[PDB]
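Participant: Take this structure, written in structure tokens, and hold onto it; I'll ask about it next.
All Cβ positions, even for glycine, are placed from backbone atoms using ideal geometry, and neighbour counts span all protein chains on display. We did not get these values from a lab; they are worked out from the coordinates using the rules stated.
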Amino acid sequence: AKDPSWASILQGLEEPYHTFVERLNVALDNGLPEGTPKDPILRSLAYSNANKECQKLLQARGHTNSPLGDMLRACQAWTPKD
Amino acid sequence: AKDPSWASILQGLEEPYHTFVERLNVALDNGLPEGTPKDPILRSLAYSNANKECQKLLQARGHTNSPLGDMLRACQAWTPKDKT
């Protein structure tokens, strides 16, 4: 039983963080079973499967009423090398 | 949009990593809807909800066909500052 496709979505080393989060959001929207809450799974995977540089930025992210927004904001100044 | 309880399971600053992962495993067994694959979500939370010291150890973990085992092994020698 291979893992679902949404479990192997990894941020590219040159991929903008917001693009990765958008891809992951759609994969979970489409692939998580009915009645499974997407939001907390998205937030966890958007950290654990982010690239190494963005994981460091995410560890120091904010603590607001918009927890997904806090993750995007923490990486908003990050620039891929290429 | 109150998150489920399994999503607020956080490794204490003084909590052994294996005990934290077990608490995640139980919370998902009882909280995650029956039929949603637990293992990828357990592995994800075992990083995202881990304490900073164990997150650093996890950064150097291996890359095998046993990804949860890689996480457990990476933190298997970490001991909290207060053992009580």
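Participant: Under 22 Å from the Cα of residue B:83, which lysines turn up, not counting those fewer than eight places away in the same chain?
Facilitator: List returned: B:52, B:56.
Participant: Taking the Cβ-Cβ separation of residue B:73 and residue A:60 as r and a Förster radius of 45 Å, what is the calculated FRET efficiency to the nearest 0.05?
Facilitator: It comes out at approximately 0.95.
Participant: So what's the gap between the Cα centers of the stretch A:36-52 and the stretch B:44-84, to the nearest angstrom?
Facilitator: 18
Participant: Show me A:14-21, B:1-8 ranked by packing, highest mean number of other Cβ atoms within 10 Å first.
Facilitator: Details: A:14-21: 16.2, B:1-8: 13.6.
The packing order, highest mean first, is A:14-21, B:1-8.
Participant: Hey, another quick one. Any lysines with Cα under 16 Å of the residue A:38 Cα? List them, leaving off those in the same chain fewer than 8 positions away.
Facilitator: B:2, B:38
Participant: To continue, here is another question. Report, as an integer, the average count of C-beta atoms from other chains found within 10 Å of each Cβ along B:78-84.
Facilitator: Mean shielding count: 0.
Participant: Could you calculate the FRET efficiency of residue A:52 with residue B:84 from 1/(1 + (r/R0)^6), where r is the beta carbon distance between them and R0 is 35 Å, rounded to 0.05? Don't skip to the end; give the middle numbers.
Facilitator: On the way: r = 35 Å, r/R0 = 0.99.
Between residue A:52 and residue B:84 the formula returns 0.50.
Participant: What's the magnitude of the charge dipole for the protein assembly as shown around its Cα centre, counting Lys and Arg as +1 and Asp and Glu as -1 at the beta-carbon? Answer in Debye, nearest 20.
Facilitator: 420
Participant: Hey, what's the per residue convex hull volume over the C-alpha atoms of the stretch A:5-74, in cubic angstrom?
Facilitator: Numbers: hull volume 5.4 nm³, N = 70.
Taking the convex hull of the Cα positions in the stretch A:5-74, it is 77 Å³ per residue.
Participant: Determine which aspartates and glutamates satisfy two conditions relative to residue A:81: a Cα distance under 13 Å, and not lying fewer than 8 residues away in the same chain.
Facilitator: A:14, A:15, A:53
Participant: How much mean residue ellipticity at 222 nm does chain A get from its helices, if each DSSP H run of length 4 or more adds -39500 (n - 2.57) and you divide by all residues, to the nearest 500 deg cm²/dmol?
Facilitator: The helix contribution divided over chain A gives -15500 deg cm²/dmol.
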